[PDB]
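Taking the deposited numbering, I'd label the letters of the sequence shown as residues 3 to 125, 127 to 261. All C-beta atoms, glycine included, are put in the ideal place defined by N, C-alpha and C.
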Amino acid sequence: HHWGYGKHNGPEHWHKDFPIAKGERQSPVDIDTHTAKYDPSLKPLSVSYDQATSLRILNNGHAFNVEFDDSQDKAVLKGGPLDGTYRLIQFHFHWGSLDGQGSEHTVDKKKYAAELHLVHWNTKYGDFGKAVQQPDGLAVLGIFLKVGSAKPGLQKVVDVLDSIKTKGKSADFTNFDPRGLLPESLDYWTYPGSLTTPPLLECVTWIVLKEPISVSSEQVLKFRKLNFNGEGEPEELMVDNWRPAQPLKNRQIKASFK
Ligand SMILES: COc1ccc([C@H]2OC(=O)NC2=O)c(OC)c1
Ligand code: NA
Ligand SMILES: [Zn+2]
């Protein structure tokens, strides 16, 4: 598979290798804040990242992933819409060529400069590869980024990026604390959806925080210096690695806040 984000291999093409692209629970979606309803049944959200163990950062040709040790229940997400325990495995971002675009989810059609995805898998399925075959296998915590003040907790990420410029490069990335990427409020929207890249599997409970984090123009500029290509290959900047909003179909987006 040679999927990507360009004219020739971008999201409009994905359905030919991955027919579930046109499925019933695809992501991302536009969150219409006037149609989403507060749900009193939602339990409180629990982000337990105190014991998180980051290992490595990888340019996979699509984004850069900060990977965690998920061989035990270190860093977990529970509560909210979730039943049981979801283990953090990695986070990554999606971003734009310009500050006016980059997020996958939109809020009343508003696009943010970037979107952070903290990816967790349901431990009742034993491993990640089994979890992605299940409708409740993953929980993705999505956090919007807007450009304003710098986010100090992001700068360690920004600073390692020149060591992983091209596809297939990785670097040791230990002792990174993902709590420094969260906004103050855990108010969220939630809906059932999918992975936003191939294989597009319909295995995600999406939890999208309402409060964006602010990052600096300089910080997001450094994201845009990465490359989609491998070393020695013609330079294609890693920008606009986002899928546009997909049809909501027969889904309701629920708000955790009144
Ligand atoms: C193999 O693991 C994967 C594969 C794809 C995705 C995509 O879905 C998404 O929301 N962003 C993505 O890059 C993922 O993240 C949950 C994890
Ligand atoms: Na709207
Ligand atoms: Zn993502």
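Every residue whose Cβ sits closer than 6 Å to any heavy atom of ligand 3 is listed here in chain order: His94, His96, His119, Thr199.
By the 16-neighbour rule on beta-carbons within 10 angstroms, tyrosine 40 is exposed.
Look at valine 242 here: in three-state DSSP terms it is coil, with no helix or strand label.
For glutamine 92, the uninterrupted beta strand (DSSP E) run begins and ends at 88-97, by DSSP.
In the DSSP annotation of this structure, the continuous segment of the alpha helix (DSSP H) that includes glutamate 221 starts and ends at 220-226.
When beta bridges are read from the DSSP output, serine 105 appears opposite no residue. If you compare the alpha carbons of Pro30, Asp19, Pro13 with that of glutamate 205, the shortest gap goes to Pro30. At least one heavy atom of ligand 1 lies less than 7 Å from the C-beta of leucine 141.
Here the distance from the Cβ of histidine 36 to the nearest heavy atom of ligand 2 is below 7 Å. CA-to-CA, the gap between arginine 89 and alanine 77 works out to about 6 Å. Nearest to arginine 182 by alpha-carbon distance, out of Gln222, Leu79, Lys168, is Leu79. Burial is judged here by how many other beta carbons sit within 10 angstroms of a residue's own beta carbon; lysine 228 has fewer than 16 and is exposed. Here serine 48 is exposed: its Cβ has fewer than 16 other Cβ atoms, across all protein chains shown, within 10 Å. Residue nearest to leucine 120 within the set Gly235, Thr37, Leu185, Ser259 is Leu185 (criterion: CA-CA distance). Around the beta-carbon of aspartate 75, fewer than 16 other beta-carbon atoms lie within 10 Å, marking it exposed.
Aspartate 19 has its alpha-carbon roughly 35 Å from the corresponding atom of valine 150. The C-alpha of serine 43 is placed about 36 Å away from the C-alpha of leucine 57. With respect to the 8 Å criterion, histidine 96 and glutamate 106 are classified as neighbours on the basis of their beta carbons. According to DSSP, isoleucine 59 shares a beta bridge with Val68, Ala174. Under the 10 Å beta carbon count, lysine 111 is surrounded by fewer than 16 other beta carbons and is classified as exposed. Separation of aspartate 243 and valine 109 (C-alpha to C-alpha, rounded to the nearest whole angstrom) is 18 Å.
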